[PDB]
Amino acid sequence: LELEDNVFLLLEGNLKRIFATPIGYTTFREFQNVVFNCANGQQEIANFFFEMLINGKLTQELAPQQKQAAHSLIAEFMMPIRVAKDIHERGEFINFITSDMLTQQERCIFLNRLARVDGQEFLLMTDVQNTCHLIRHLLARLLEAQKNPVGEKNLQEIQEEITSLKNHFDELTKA
Amino acid sequence: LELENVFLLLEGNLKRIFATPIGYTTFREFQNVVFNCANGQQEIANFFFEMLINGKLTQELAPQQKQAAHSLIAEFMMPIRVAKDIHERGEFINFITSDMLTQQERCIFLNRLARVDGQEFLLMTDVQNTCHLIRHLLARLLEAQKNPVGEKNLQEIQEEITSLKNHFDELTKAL
Amino acid sequence: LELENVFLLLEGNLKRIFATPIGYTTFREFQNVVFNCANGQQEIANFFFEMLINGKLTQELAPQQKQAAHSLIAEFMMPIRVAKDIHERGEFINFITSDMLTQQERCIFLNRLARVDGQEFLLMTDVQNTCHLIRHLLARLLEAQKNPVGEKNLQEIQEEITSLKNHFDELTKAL
Amino acid sequence: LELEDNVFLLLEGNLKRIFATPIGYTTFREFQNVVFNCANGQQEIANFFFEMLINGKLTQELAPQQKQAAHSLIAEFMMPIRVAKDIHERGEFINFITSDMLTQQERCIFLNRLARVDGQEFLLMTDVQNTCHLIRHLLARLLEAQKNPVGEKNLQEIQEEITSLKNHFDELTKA
Amino acid sequence: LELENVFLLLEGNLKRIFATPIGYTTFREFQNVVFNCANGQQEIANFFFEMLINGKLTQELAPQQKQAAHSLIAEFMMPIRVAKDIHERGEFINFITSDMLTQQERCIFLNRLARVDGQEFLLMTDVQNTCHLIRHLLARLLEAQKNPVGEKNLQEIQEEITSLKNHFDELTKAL
Amino acid sequence: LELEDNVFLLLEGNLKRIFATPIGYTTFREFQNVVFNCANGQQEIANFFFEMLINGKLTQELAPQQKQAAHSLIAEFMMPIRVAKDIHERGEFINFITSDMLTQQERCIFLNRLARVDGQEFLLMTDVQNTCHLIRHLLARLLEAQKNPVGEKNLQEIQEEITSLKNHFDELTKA
């Protein structure tokens, strides 16, 4: 492989540009387009940068200044690229939830925040009854998954986590 | 009370403010409209509020005015009530749907959460995510139980908690 | 069938769910409302569904009930149909507008894309962007043509494709 | 120019802060305000940092530790600043589009994603007929640009790209 | 003019386009609907536009058609006017609310800004933020005063400016 | 404290991941969860990383390679973490506003952009009268704050900034 220093520099500027705005569902494909543009029709060069930037792996010896630049690109871009790829694949999946209990009047309510893999969040208020209905709805859904052969195998994989839920619930009912 | 074609002018104004999505300012924009149509007079405004919020006519009206009044009530009472609801509790959960899908040996759920204000959020969960969400929400019920107000709330929904019992039983047993 | 003031209670409930923007949960929220007004009975629910979805009364009603029924049909049949449309195809394109502007020696277009669900997106393009978008979309038609199902779809719209012909002709010739 | 090391440090913290959240339409102006605040009414200091951070150019010799810090600031912030400036100028222009063909039933449809320079994206579904109508609409718009003297010159600039579109289309029609 | 059940077909179509939130394309979508119902004829379209935009019937109609026409006017004239307003000035401020709260020795305000298009934005300010915003806006009035057009605008609102005077007086004096 | 180099590496990857998407209201809590996971139930390790990453302070001597990694983590993540914490606390507060005056026809209007601490922005158009009404509304709000003991103390703190507003306004009225 014969690369000029200029390629690493141009590639860095282009990657800095695409990652300057929020990662979205087009970002992984936009990154691939940047690599292909840089490779200029040379599959071996494209693959070199994909291995480097997607896998953090250097598939040939580089001269010291280029090796340093590759390490810098890996450090700066590997995770954001993997997150772009993740969003492309499963950006709408739940990633995190927070809840803050507020006690007002007679009533205990929760300010819940739902965050997805793609970073979008949603605020949702629930009182204690809403919370119970939400739990029942989600349990009803696992019970339907359990009838299906795939769902059944998925549930058997976390059988310990399920038995625990029942524990926590038995703990709530006694009190 | 003494009133002019106030009903038609009230109508045109209510049609305008309700032609766009109802928001958190809409109930107050409505009050401002009523105030303006009453020329600021509190007795007349109150007559309109009773009519429009509670559907109650506090005064006999000539046939033509009475016809317009019943029309305003049919057309606006519920949207006004929803605007007040949103002002008060717009961020609370209102509805949830889930569609079960099977992708790559995984049972997954496309959930949609809708609030009182009509905003919705799409959230994907797999079986393990669903279990974690349930654990999270259960923990909130436990948190409420430790707070004197929340504990009273829980005591009011015994039939709700028993329902969670039977679902938890069915799931654990079926595995 | 035996029915109570069910029409008025149905009305108030439909007015409430349609007072906020229609979303992807709205058709299902409607079904739940009908179910609840029918006290769960499938024959009564079906009577309401025929009435409200298809505008068909499957039963003679006293004058007062019949009046309320025609009113529910006029007020809700189309919003119900749109809610079902959105549930099914809410993300599909519905309308596009373009306004041509001239800025700094450039012809530019302010495009607005609107979906079946009513969400809109503003997108600016210059002449070269517009050309690239067209090239992209053309490539999709070529992609569909390589798929046996897509190829059948294309064969159904011969008059559409000829229209593209005449536009392409006019443009190339005029340059 | 007489700068204390403290200025580079304070400037870095302030820039890190403003770039911690998504770039928006106010971000370039917010950056200018940070520079002016740091310059403290000294135009020569403001200009030094603007040349450095907007143009990547150092307009006077710096001592080695400050030169290193300037290079670090350039590497970290030059591209995001240029993107902020770009968004300020043309954030609503199209930047990228992806499409995924889905074959279901009899029908080939495309899940399109529209991304703007500002990073916002929009999902749009199209079937084969929608795609054709979109193409015709966009061609109609170029034809109107062609009547206008500016638009005509813009089109002559990409005359080769246009002739190519016609090619791709002639290729689609034969098949 | 010669017309068919055009009123009912017009009705169903208007009900459909107004069933979703009004957007920036809605007025144009309406015009397209009218065009299509008129079978493209400009005289018939104009009859519908007068009826639907201005509430004016430019033609005597049989009792049944006349009834349908008055119904279309009552149901759609205002939403059409709002759609045109939005097309023209959707981003302009329409309403603002503020609720004053006290948190941690601070007086704070929960402000909500609503535009002509119905979109809203929540914005918190403390006392100093509120002062800065006011200073900003005052500076804009000063900017307009330096522009010959803006200076004319200011001269038209003398009673508005005096109101700012009395408020400014009350505040400074009370401190 | 006995940490393996692997901990710094794992921690960096996890932080890079969470900061790859827009900071939101859950991000500070997500960061705490990452630290606790890394500490693996060891409060002293959690506190070491919290002091390091929240306060930029190293609470024990590290070997040179680990000290270098800690400095790198501080440089990369301290500000974004502080911004996450800020958003958690006051993300909805105003952060910045820009205005651009547009002169069209007889009329001077302003394209205002409102940016919050959380990075969300809102575009709002105002003409000269809207601007005056907005000022009056905000002054009315400060006048109400002045009646309240807390608000009064807040206002006394910026008494100089208030007197200045009055100045700028007196300057506008003379002209």
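Residues numbered from 1 in each chain as written, not as in the entry; some residues may be left out. Chains lettered and ligands numbered in written order. Heavy atoms only, no water. Residues with missing side-chain atoms left out of burial classes, pairs and counts.

This part is about the overall build of chain B. What chain B contains, in helices and strands, is 7 helices and 3 strands. Scanning chain B from its N terminus toward the C terminus, one meets helices and strands in the order α-α-α-α-β-β-β-α-α-α. Taken against the 2.2 N^0.38 rule, which gives 16 Å for 175 residues, the C-alpha radius of gyration of chain B at 24 Å runs more than 25% over that of a compact globule. Counting only C-alpha atoms, chain B reaches 70 × 40 × 25 Å along its principal axes. (Helix = DSSP H or I, 4+ residues; strand = E, 2+ residues; numbered from the N terminus. Rg over C-alpha atoms; globule rule 2.2 N^0.38 Å.)

On to the interface of chain B and chain A. In this complex, chain B contributes 61 residues to the contact, which on the side of chain A involves 63 residues. With both sides pooled, the region where chain B packs onto chain A buries about 6,400 Å², and carbon together with sulfur makes up 77% of that total. Across the salt bridge formed by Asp169(B) and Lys166(A), the nearest N and O atoms sit 3.0 Å from each other. Applying the counting criterion to the chain B and chain A interface returns 21 residue pairs in polar contact. Contributing elements (two or more residues each) for the side of chain B that touches chain A: β1 (93-103), β2 (106-115), β3 (120-125), α5 (127-146), α6 (148-155) and α7 (158-174) of chain B. At 18 residues, the largest contribution of residues to the side of chain B that touches chain A is made by α5(B). A breakdown of the residues in the side of chain B that touches chain A according to their chemical character gives 30 nonpolar, 18 polar and 13 charged. (Contact = heavy atoms within 4.5 Å. Buried area = accessible area lost by both parts, 1.4 Å probe. Salt bridge = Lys/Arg side-chain N within 4 Å of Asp/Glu carboxyl O. Polar contact = N/O pair within 3.5 Å; in protein donor to acceptor, adjacent residues only side chain to side chain. Nonpolar A, V, L, I, M, F, W, Y, C, P; charged D, E, K, R; others polar.)

Picture the strands of a sheet paired through backbone hydrogen bonds; they go either parallel or antiparallel. Strand order in the open sheet formed by 3 strands is β1-β2-β3 (chain E), and the pairing between neighbours is antiparallel. The sheet terminates laterally at β1 (93-103) and β3 (120-125) of chain E, the two strands that pair on one side only. Each strand of the sheet is rotated relative to its neighbour by a mean of 20°, with strand direction disregarded. Two elements, β1(E) and strand β2 (residues 106-115) of chain E, share 10 bridges in a ladder whose sense is antiparallel. Within β2(E), the position partnered with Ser98(E) by the bridge is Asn111(E). Docked against the sheet, helix α2 (residues 26-37) of chain B engages β1, β2 and β3 of chain E, running at close to 115° with respect to β1(E). Contacting β1 and β2 of chain E, helix α6 (residues 149-157) of chain F runs over the sheet at an angle of about 90° to β2(E). (Pairing = 2+ DSSP bridges. Axes fitted to C-alpha atoms, helices over the stretch in contact; angles between N-to-C directions.)

Evaluation of the coordinates by the stated rule reveals 54 salt bridges over all chains. Across the pair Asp127(D) and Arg107(D) runs a salt bridge, and its minimum N-O distance is 2.7 Å. Residue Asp127(D) is found in strand β3 (residues 121-127), and its partner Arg107(D) is found in strand β2 (residues 107-116); the two are separated by 20 residues along the sequence. Take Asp127(D): its relative accessible area is 12%, and that puts it in the buried class. Across the pair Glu143(E) and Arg140(E) runs a salt bridge, and its minimum N-O distance is 2.8 Å. Separated by 3 residues within a single helix, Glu143(E) and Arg140(E) lie in helix α5 (residues 127-146), roughly one turn from each other. Looking at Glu143(E), the relative accessible area reads 29%, which means it is partly exposed. (Buried < 20%, exposed > 50% of the residue type's maximum accessible area, 1.4 Å probe, protein only.)

On to the interface of chain F and chain E. Residue-level contacts link 63 residues of chain F with 61 residues of chain E. Here chain F packs against chain E, burying approximately 6,300 Å² in sum over the two surfaces, 77% of which is carbon and sulfur. Along the contact surface separating chain F from chain E lie 21 residue pairs in polar contact. Broken down by secondary-structure element, the contributors of at least two residues to the side of chain F that touches chain E are β1 (94-104), β2 (107-116), β3 (121-127), α5 (128-147), α6 and α7 (159-174) of chain F.

So, about the side chain of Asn111(C). Residue and element names in this part refer to chain C. Within the secondary structure, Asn111 sits in strand β2 (residues 106-115). A distance of 2.7 Å separates the side chain of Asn111 from the side chain of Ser98, its partner in a polar contact. Engagement of the side chain of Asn111 in a polar contact is seen with the side chain of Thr125, the distance being 3.1 Å. Ignoring any residue separated from it by four or fewer positions in sequence, one finds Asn111 in contact with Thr97, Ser98, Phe121, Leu122, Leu123, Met124 and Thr125.

Residue and element names in this part refer to chain B. Segmentation of chain B into domains returns domain 1 (1-89), domain 2 (90-126) and domain 3 (127-175). Placing the centre of domain 2 and that of domain 3 at their C-alpha centroids yields a distance of 19 Å. The partner domain 3 presents 4 residues to the 5 residues of domain 2 that form the contact. Each partner contributes to the roughly 380 Å² buried at the junction of domain 2 and domain 3, and carbon and sulfur atoms together form 46% of this total. Linking domain 2 with domain 3 are 0 salt bridges. Where domain 2 packs against domain 3, one counts 4 residue pairs in polar contact. Along the lines of polarity and charge, the residues of the side of domain 2 that touches domain 3 split into 3 nonpolar, 1 polar and 1 charged. (Domains from an automatic or database assignment.)

What follows deals with the environment of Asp100(D). Summarising the element assignment, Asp100(D) is placed in strand β1 (residues 94-104). Note on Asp100(D): relative accessible area 28%, which makes it partly exposed. The spacing of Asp100(D) and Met125(D) is 25 residues in sequence and 9.6 Å in space, taken between C-alpha atoms. Side-chain polar atoms of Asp100(D) contact the side chain of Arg29(A), separated by 3.0 Å.

The next subject is helix α1 (residues 6-18) of chain E. Side chains three or four residues apart in an α-helix point the same way, a direct result of the helix having 3.6 residues per turn. The end-to-end C-alpha separation of α1(E) is 18 Å, in line with the 18 Å expected for 13 residues at 1.5 Å each. Of all the residues in α1(E), the buried ones are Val6(E), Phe7(E), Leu10(E), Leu14(E), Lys15(E), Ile17(E) and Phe18(E). Down the axis of α1(E), the sector holding all buried residues measures 165°, keeping them to one side. Next to the buried residues of α1(E) lie α4 (63-89) of chain C together with α2 (26-37), α3 (42-54) and α4 (63-89) of chain E. (Expected span 1.5 Å × (residues − 1). Arc of directions from axis to C-beta.)

Residue and element names in this part refer to chain B. Between helix α3 (residues 42-54) and helix α4 (residues 63-89), the shortest axis-to-axis distance is 7 Å and the interhelical angle comes to 70°. Taken together, the axes of α3 and α4 lie roughly perpendicular to each other. Contact with α3, carried on its side by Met51, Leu52, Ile53 and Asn54, involves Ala69, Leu72, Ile73, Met77, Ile80 and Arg81 of α4 and no other residues of that element. Residue composition of the contact of α3 with α4, by class: 8 nonpolar, 1 polar and 1 charged. (Parallel < 35°, antiparallel > 145°, perpendicular 65-115°, else oblique.)

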